[PDB]
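Before any comments, here is the structure.
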Amino acid sequence: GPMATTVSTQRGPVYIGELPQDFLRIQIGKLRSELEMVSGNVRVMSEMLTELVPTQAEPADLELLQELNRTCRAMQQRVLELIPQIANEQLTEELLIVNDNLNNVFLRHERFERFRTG
Numbered sequence: 474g475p476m477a478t479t480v481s482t483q484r485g486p487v488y489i490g491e492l493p494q495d496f497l498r499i500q501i502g503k504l505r506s507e508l509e510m511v512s513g514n515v516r517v518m519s520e521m522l523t524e525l526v527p528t529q530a531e532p533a534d535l536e537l538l539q540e541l542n543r544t545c546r547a548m549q550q551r552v553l554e555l556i557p558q559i560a561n562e563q564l565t566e567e568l569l570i571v572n573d574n575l576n577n578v579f580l581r582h583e584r585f586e587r588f589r590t591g
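For the sequence shown, this note's numbering begins at 474 and goes up steadily by one.
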């Protein structure tokens, strides 16, 4: 599929698609800016999971949720690969928080899908 691009949504910008090889790979500033894109995706995903109806959602909203879920999972893999390499205490804390936010949003996504899949 396409490499990731930023798209405006009714809830904020998301960065969705295949992640470039340099995303969240070794400037702390650059890694932080990339981490903010993960967090922006997680926020929009969490909002959509709290605002859509599992069984009556518009197909287009489901499509966006699926692209967010897929991209966020790829983003999680990069976060976890990055953590062991970082010695900056503050960025390490930030990575760990984003990782927990990911695991929480995926748990909420599973619950949403159970309603969706009976």
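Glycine included, every Cβ here is placed at the ideal spot set by N, Cα and C.
Q.
Just to confirm my understanding: we take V515, look at its own chain, exclude 5 residues before and 5 after, and list those with CB closer than 8 Å. What are they?
A. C545, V571, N574, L575, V578
(Q) Using the three-state DSSP reduction, which class does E491 fall into: helix, strand or coil? (A) strand
Q | Residue span of the beta strand (DSSP E) that contains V480, given as start and end | A | 478-480
Q) Does the separation of the CB atoms of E491 and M476 fall below 8 Å? A) yes
Q: Look at the alpha carbon of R498 and the alpha carbon of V552, and state the distance between them as a whole number of angstroms.
A: 9 Å
Q. What is the DSSP secondary structure of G474, reduced to helix, strand or coil?
A. coil
Q.
Runs of 4 residues minimum, wholly inside the stretch 495-539: which ones carry the alpha helix (DSSP H) assignment?
A. 501-524
Q: Tell me, to the nearest whole angstrom, how far the beta carbon of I501 is from that of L568; I am working on the premise that it is less than 8 Å.
A: Actually they are not in contact, since the Cβ atoms of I501 and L568 sit about 11 Å apart, beyond 8 Å.
(Q) Along the chain, where does the alpha helix (DSSP H) containing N577 start, and where does it finish? (A) 562-590
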